[PDB]
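In: chains from the complex, first installment, not repositioned:
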Amino acid sequence: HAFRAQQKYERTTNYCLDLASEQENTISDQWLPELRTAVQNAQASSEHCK
């Protein structure tokens, strides 16, 4: 039960934390290009600040 609670439950809590952060890690890996795309509407909106 503990391994069921650990490997099949707690590791899925880790998984549901890892999967919820799986794209984070990819996004963290591609932090600048994700900023280049996911926040692409920042620099373009920055051009009209002045």
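Out: Arrived safely. Residues are numbered from 1 along each chain as shown, chains lettered A, B, ... in the order given.
In: only alpha carbons, please: show stretch A:35-50 as PDB.
Out: Extracted C-alpha coordinates of stretch A:35-50, given in PDB (Å, rounded to 0.1, in the frame of the first residue of the first chain):
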ATOM      1  CA  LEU A  35       9.900  34.600 -24.300                       C
ATOM      2  CA  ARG A  36      10.400  35.100 -28.100                       C
ATOM      3  CA  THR A  37       7.000  33.400 -28.700                       C
ATOM      4  CA  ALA A  38       4.800  33.200 -25.600                       C
ATOM      5  CA  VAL A  39       5.600  36.800 -24.700                       C
ATOM      6  CA  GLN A  40       6.100  37.900 -28.300                       C
ATOM      7  CA  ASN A  41       3.500  40.600 -27.800                       C
ATOM      8  CA  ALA A  42       5.800  42.500 -25.400                       C
ATOM      9  CA  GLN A  43       8.600  43.800 -27.600                       C
ATOM     10  CA  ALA A  44       6.100  44.700 -30.400                       C
ATOM     11  CA  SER A  45       4.000  46.500 -27.800                       C
ATOM     12  CA  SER A  46       7.200  48.000 -26.500                       C
ATOM     13  CA  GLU A  47       7.900  49.700 -29.800                       C
ATOM     14  CA  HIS A  48       5.000  52.000 -29.300                       C
ATOM     15  CA  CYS A  49       5.900  53.000 -25.700                       C
ATOM     16  CA  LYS A  50       7.800  56.000 -27.100                       C
END
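In: one more, chain B:
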Amino acid sequence: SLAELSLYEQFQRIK
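Out: One more piece, chain B, placed on the ones above:
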């Protein structure tokens, strides 16, 4: 020129 160049930094950043 300086306006468009500098403003991209924030984009770059009981039981």
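In: okay, helices next: where are they in the chain?
Out: Since no chain was named, I'll use chain A. Listed in chain order, the helices of chain A (DSSP state H) span A:2-5, A:11-18, A:22-29, A:31-37, A:40-46.
In: wait, I meant chain B there
Out: According to DSSP H, the helices that chain B contains are B:2-6, B:8-12.
In: any idea how far the last one is from the chain center?
Out: Computed by CA atoms, centre = their mean, to the nearest Å, the chain-centroid distance of helix B:8-12 equals 4 Å.
In: residues of chain A that sit close to chain B?
Out: Contact residues, chain A versus chain B (CB under 8 Å from any CB of the partner chain): A:32, A:35, A:39, A:42-43, A:46-47, A:49-50. (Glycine included, C-beta is placed from N, CA and C.)
In: then add chain C to what we have above:
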Amino acid sequence: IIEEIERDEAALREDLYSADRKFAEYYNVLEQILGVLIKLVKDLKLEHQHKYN
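Out: Placed with the earlier chains, chain C looks like this:
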């Protein structure tokens, strides 16, 4: 003494008895914390949303 043998077995595992019950009593109450997080990917919430993001 005859039932002391039972105590030599039932009360021998009396800690083993109750601990297993509470090691089986948490298979459902923890399911609302431990077992919802497996459900939290098995309810397709993150499975669709790892794809949604």
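In: taking the centroid of chain C, which residue is nearest it?
Out: residue C:27 (2.4 Å; CA atoms, centre = their mean).
In: against residue C:2, how distant is the nearest residue to that residue once chain neighbours are set aside?
Out: In this structure, residue C:27 finds its nearest non-sequential neighbour in residue A:1, 5.8 Å apart by CB to CB, 6 or more residues apart in numbering or on different chains. Residue A:1 is 34 Å from residue C:2, where distance means CB to CB, to the nearest Å.
In: kindly report the same for residue C:42.
Out: From residue C:42 over to residue C:2 the distance is 51 Å, taken as CB to CB.
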